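Quick heads-up: it's one chain on its own, the form deposited in one PDB entry, in structure tokens.
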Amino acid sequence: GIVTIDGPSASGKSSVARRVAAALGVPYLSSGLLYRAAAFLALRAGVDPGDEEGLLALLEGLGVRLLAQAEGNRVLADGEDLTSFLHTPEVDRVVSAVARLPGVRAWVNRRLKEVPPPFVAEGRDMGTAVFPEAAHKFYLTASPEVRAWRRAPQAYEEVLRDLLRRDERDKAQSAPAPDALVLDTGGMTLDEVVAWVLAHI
């Protein structure tokens, strides 16, 4: 089955998912590799990383695959393993701009939905429901003050104002899925949240 870990910004959802997967001996689906793959393919093909229709045609055309493995995921394009090229400074430079294109996000989400279970992943991509039928859903919540507090401490004021905007922006998603098990992480360490999650699976 699929285990999903969701929550607001700076909720520690990714760190938790990575530990949960590691403990279960399953892969953790980190979206970053696919966005990097998209950037890489764009730069290699001479396709402007700002040209969405051109990039999408290229990505869909090549047939991209996320090989999920407990020891580390791989990304293949037309059967070629590109994984070792995804963290260079040229890819780093344009990857964010690429990830801001809505059609690329949808492409990434479709690549995520093709991976055969089991694995741990984030159930949502902002307002998009990526793994709505996962057998084990968990929602990690905490006050913006505690999330900001941990994120920083004088900077607390700044970090907080940022988190509050994202919370304001992401109002509709500031709630768990109907069948999600909720955990307030206030007063708990990373290891404690991980333990709590594993204990409810």
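All residue numbers refer to positions in the sequence shown, first residue = 1. We call the rigid core whatever largest set of C-alpha positions still superposes within 1.5 Å between the two forms.
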| request: Going by the record, give me the number of deposited-sequence residues missing between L67 and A68 as none, 1 to 3, 4 to 9, or 10 or more. | output: none
| field | 8-16 or 188-196, whichever carries the higher mean Cα B-factor | value | 188-196
| So 141-149 or 169-177, which one's hotter by mean CA B-factor in the entry? | 169-177
| query | Between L59, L164, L43, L33, which one tops the list for C-alpha B-factor in the PDB entry? | reply | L164
| According to the deposited entry, which of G123, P89, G72, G103 has the largest Cα B-factor? | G72
| query | Split the chain's modelled residues into thirds by Cα B-factor; is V159 in the lowest, middle or highest one? | reply | highest
| said: Considering every modelled residue of the chain and its Cα B-factor in the PDB entry, is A39 in the lowest, middle or highest third? | reply: lowest
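One more form of this protein should be noted, the form deposited in another entry, which is absent from this view; the next part is about it.
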| said: Once you overlay the rigid core, does the Cα of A135 travel 2 Å or further between this form and the one not shown? | reply: no
| Honestly, after the rigid core fit, is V146 moving at least 2 Å at Cα between this form and the one not shown? | no
| remark: Checking the C-alpha spacing of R124 and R147, a student should find that in the other form it changes by 3 angstroms or more, with the atoms closer
| task | Have a look at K113 and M126: in the other form, are their Cα atoms closer together or farther apart than in this form, given the change is 3 Å or more? | result | closer
